[PDB]
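Here the structure is laid out as structure tokens; the discussion comes afterwards.
FYI, it's all coordinate maths here, none of it is from the lab. Positions of Cβ are generated from backbone atoms using ideal geometry, with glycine treated the same way; all protein chains shown enter the neighbour counts.
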């Protein structure tokens, strides 16, 4: 449960980090530059909240799943370090889960 | 300088700060920046002179040799071994090579040899070896901390190596280089060299961590074949390191805590208890008993094997001195006897409803109910509903069964949670026979609670016969001591309370024996003691007869 | 591999456990934290010994101890025993210990239950005094023995021993020594002769020479007296245990009376018969010159006279 909550908060803070930059240089931040499957949602603010939540959460537990499709990238420098920290903490936590189940 | 010093300790903290700074710094000069700025070259020479001061202190450390287990402060041997161990390696790194690089026209050989400064990480790892030595932190917890630190250090070094290899390629082929053509987002890192050092540092480290956490992420991939081979080695190393991390985390928690073991036994015991469906007080009784046995076992074993007799003696003294002093029977005897009793004590806890020894069995330990209330009963296999004075806290019991050598004249049972003291027969008997004065004192105490304690009054016949035998043997002892002079010993036993009036079995009174031997000093000492002069032996011989028989005029005159 | 662990892991784990327990006992951090630490390191070597000794069927360990422990004691002039069959038993019950500097083994004036032989290392032995200042009567050395003389004397041994160098000592329980002595009384006589030789030879035993002489003078007195008393009361178990402890039935009391005389005057039959089995003499003359027959017919017991 604590792991899942950590993932959710990671997704939320990640979307906020995307929001940090002004409307200009929308391409420079990760959102608005994906253009996956012809959706090309450049203007994230215009898009309804639910889809944005889905996309951010997907990336958060895909990094969590230690799989990494690579559709979404931490392109900007500002949030770039955030994925670093999040994945490291995730490594420790996943290892702890493996240890607990092994016990 | 000496290792056990405050200033020494304050020195190594600065040493390790400088050490981690230089350890991280070495990749910073090797990659992300060709050459060095004069700005940081100053910090470089500052760190190098700090390392020189460190190596000067390294010259004289007076470390303790492991084989000796005793510190040696002689300079020459400390030099001969410790300098060879570390100073030789340190010396190469100590020389600042940025100047040589500039003098040699930034020759690649100098940069390759610059890696020697990385060797100082040994001081950092030695610091954590000392951290591990501290008892407070968990061993496996310390180990996992070490693994995390080492993993981070290795990953950062790989990230720096990635850019150094990229810059090693000629500037013309920017596209073929990975950083030249990675194009993250709308922005393109077309020129790695002109973009800020940090902008490149962030991207290179991100690539290394992506592999370390095993999430591929697509995104950046090695483009250069030179880049390709390095990635292979890095990931191969990282897999085993992460595997070690998994194993250590598993092993840290596979060790069940004392609470964990206790809860496991609670689980299976309540499962069985529910099978029977008895419930009620019984569940509580077993639960309390089992938790108490864990707590007691914790106490017992560490005393049994971890701590030697001399060492355990001190803690026994501190823990049990008031406990033994409070007991009335032990009061009135010399201090050394009390200490001897204390330093061969044990620990016992008990619950309501348990019998330690049944009536008629041979007693094997001496007990004192320090805490709680206990019921002593004369209930036996043949007969029931027989009870005697309840034993309160700080009351000894079983002393009558041991001193009088009677095998448990009653059944002793505990009635609630009590704290009990256990002590063996052999050591107690030896202590008693060594210290007879304390033995009489205690027996006089036994006389004191006589006709005041029902249990003692019931068994008082055994104590009476025991004191009769003790007085008989004491009379024999004083007669023997008077035989071989021992004027001081006779005086001491008089101070000990020995009655000179008592005679031996032969009727040989101390005056009789003094006359027979002819020691007039003993004769006058017994005279001023107050014993009647006219006495008879088994055959009725008066001391005048033996005084004449021996032939000394002094005893006859007295 | 990690879960299997190492002896170091158990070492640290037990460190944590009893350190936590001592902290819950609120013991002083300066007083014993180091001592526990010091002894703890030496225990690391001996845990293997403990595991083997519990595991082994006790014969092979006897052989290995014979290989190693026997030479050390043979080197020691003290406790030679003047025979080799007797010493190997001592080896098979013998245990070993390491130490750290500035450590006190035995406190003054305590009943000793552990017998220490300095197979290796240097020791200093000092005696308490009324002033309390320590006086080092002797400096002990490798392949020596201390505290055995105390058991021979039965004295409280008011001696403090402090290590002066790296040392290996052997720890022996008093009871095992008593048992081996009762098995071999003659070897006890031989070691008594060896001890009376050292009393001239060595300073510490020369310091205790007054005690050695007095108690040897004393010890005989109780032995003859005690058997006579136990013959007087007639308790057969105690007297026979004492007489099989090494007491001489022919030894006489201060008046010269024998346990046979007291048994006859009391008139008990089984004591007299047992003493007959012991080859007790009858021609013995007391200060009054009494013979067992005389008091046997004085008291009036037919069985003793008939025998």
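If you check residue B:258 against the conditions, is it within 30 Å of residue B:141 (Cα to Cα) and within 14 Å of another protein chain (Cβ to nearest Cβ)? So residue B:258 fits the description; yes. Candidates are the residues of the range B:183-205 that are touching a residue at least 24 places away in the same chain (Cβ under 8 Å) and closer than 18 Å to residue A:78 by Cβ; the one that is nearest to the other protein chains (Cβ to nearest Cβ) is B:184.
The condition of being more than 10 Å from the chain's Cα centre (by Cα) and buried (at least 16 other Cβ atoms within 10 Å of the Cβ) does not hold for residue C:153. Regarding the range B:383-404, can at least one residue be identified that is more than 21 Å from residue B:442 (Cα to Cα), assigned to a strand (DSSP E or B) and in contact with a helix residue (DSSP H, G or I) (Cβ under 8 Å, 6 or more places away or on another chain)? No, the conditions are met nowhere in the range B:383-404.
From the list B:325, B:331, the lone residue that is over 26 Å from residue C:171 (Cα atoms), outside any loop (DSSP other than H, G, I, E, B) and in contact with a helix residue (DSSP H, G or I) (Cβ under 9 Å, 6 or more places away or on another chain) is B:325. Every condition in (1) touching a helix residue (DSSP H, G or I) at 6+ places or on another chain (Cβ under 9 Å); (2) surrounded by 14 or more Cβ atoms within 10 Å (Cβ to Cβ); (3) facing chain B (nearest Cβ under 9 Å) is met by residue A:86 except one, and the failing one is (3). Within the range B:257-278, residues that are more than 14 Å from residue B:292 (Cα to Cα) have Cβ atoms under 7 Å from residues that are surrounded by 13 or more Cβ atoms within 10 Å (Cβ to Cβ) in these pairs: B:269/B:286; B:273/B:283, counting only partners at least 6 apart in sequence or on another chain.
Scan the range C:231-247 and give yes if some residue there is touching a helix residue (DSSP H, G or I) at 6+ places or on another chain (Cβ under 6 Å), within 26 Å of residue B:514 (Cα to Cα) and in a helix (DSSP H, G or I), otherwise no. Yes; the residues of the range C:231-247 include at least one that is touching a helix residue (DSSP H, G or I) at 6+ places or on another chain (Cβ under 6 Å), within 26 Å of residue B:514 (Cα to Cα) and in a helix (DSSP H, G or I).
Being under 16 Å from residue C:287 (Cβ atoms), in contact with a helix residue (DSSP H, G or I) (Cβ under 8 Å, 6 or more places away or on another chain) and surrounded by fewer than 19 Cβ atoms within 10 Å (Cβ to Cβ) is a property that residue B:489 lacks.
Remark: residue B:317 falls outside the filter, which requires a residue to be without any contact (Cβ under 8 Å) to a residue 12 or more places away in the chain, under 27 Å from residue C:43 (Cα atoms) and either loosely packed, with under 12 Cβ neighbours inside 10 Å or more than 14 Å from chain A (Cβ to nearest Cβ) (or both). Flag: residue A:98 does not match the condition of being under 21 Å from residue B:218 (Cβ atoms) and within 14 Å of chain B (Cβ to nearest Cβ). Taken over the range B:53-88, residues that are without any contact (Cβ under 8 Å) to a residue 24 or more places away in the chain and either under 22 Å from residue B:15 (Cα atoms) or not in a helix (DSSP H, G or I) (or both) amount to 16. Here the range B:423-463 is the region considered, the condition is being within 14 Å of chain C (Cβ to nearest Cβ) and not in a helix (DSSP H, G or I), and the residue that is farthest from residue B:386 (Cα to Cα) is B:435. Taken over the range C:20-31, the criterion of being touching a helix residue (DSSP H, G or I) at 6+ places or on another chain (Cβ under 8 Å) and either facing another protein chain (nearest Cβ under 7 Å) or part of a loop (DSSP other than H, G, I, E, B) (or both) is satisfied by C:21, C:25, C:27, C:31. Just wondering, is there one or more residues in the range B:264-281 that are more than 14 Å from chain C (Cβ to nearest Cβ), surrounded by 13 or more Cβ atoms within 10 Å (Cβ to Cβ), out of contact with any helix residue (DSSP H, G or I) (no Cβ under 8 Å at 6 or more places or on another chain) and in a helix (DSSP H, G or I)? No: zero hits. Checked against the criterion of being within 23 Å of the chain's Cα centre (by Cα), surrounded by 14 or more Cβ atoms within 10 Å (Cβ to Cβ) and either within 11 Å of chain B (Cβ to nearest Cβ) or under 30 Å from residue C:147 (Cβ atoms) (or both), the range C:283-292 contains not a single residue that satisfies it.
Selection of the range B:133-150 for residues being in a helix (DSSP H, G or I) and under 21 Å from residue B:246 (Cβ atoms) yields B:139, B:140, B:141, B:142, B:143, B:144, B:145, B:146, B:147, B:148, B:149, B:150. Note on the range C:206-222: among residues that are in a helix (DSSP H, G or I) and in contact with a helix residue (DSSP H, G or I) (Cβ under 8 Å, 6 or more places away or on another chain), the one that is farthest from the other protein chains (Cβ to nearest Cβ) is C:206. Note on the range B:96-132: among residues that are part of a loop (DSSP other than H, G, I, E, B) and in contact (Cβ under 8 Å) with a residue 12 or more places away in the chain, the one that is nearest to the chain's Cα centre (by Cα) is B:96.
Per the listing C:34, C:42, the residue uniquely more than 7 Å from chain B (Cβ to nearest Cβ) and in contact with a strand residue (DSSP E or B) (Cβ under 6 Å, 6 or more places away or on another chain) is C:42.
Select from the range B:411-422 the residues that are within 19 Å of residue B:324 (Cα to Cα) and crowded, with 18+ Cβ neighbours inside 10 Å and write down the one among them that is farthest from the other protein chains (Cβ to nearest Cβ). Break it down stepwise before answering.
Filtering the range B:411-422 down to residues within 19 Å of residue B:324 (Cα to Cα) leaves B:418-422.
Adding the requirement that they be crowded, with 18+ Cβ neighbours inside 10 Å leaves B:418, B:420-421.
Working: B:418: 20, B:420: 18, B:421: 17 Å.
Per the stated criteria, the residue is B:418.
The residues of the range B:464-476 that are surrounded by fewer than 20 Cβ atoms within 10 Å (Cβ to Cβ) and within 14 Å of chain C (Cβ to nearest Cβ), listed by number, are B:465, B:466, B:468, B:469, B:470, B:471, B:472, B:473, B:474.
Any residue in the range B:303-310 that is away from chain C (no Cβ under 11 Å), buried (at least 18 other Cβ atoms within 10 Å of the Cβ) and within 16 Å of residue C:21 (Cβ to Cβ)? Taking every residue of the range B:303-310 in turn, none turns out to be away from chain C (no Cβ under 11 Å), buried (at least 18 other Cβ atoms within 10 Å of the Cβ) and within 16 Å of residue C:21 (Cβ to Cβ).
For residue B:175, the conditions (1) in a helix (DSSP H, G or I); (2) away from chain A (no Cβ under 12 Å) all hold with the exception of (1).
Take residue B:256 and decide whether it is surrounded by fewer than 13 Cβ atoms within 10 Å (Cβ to Cβ) and at negative phi. Yes, satisfied.
Within the range B:482-513, can you find the residues that are in a helix (DSSP H, G or I) and within 18 Å of residue C:257 (Cβ to Cβ)? Please lay out each step first, then the result.
Narrowing the range B:482-513 to residues in a helix (DSSP H, G or I): B:482-483, B:487-495, B:510-513.
Hits for the range B:482-513 are B:482, B:483, B:510, B:512, B:513.
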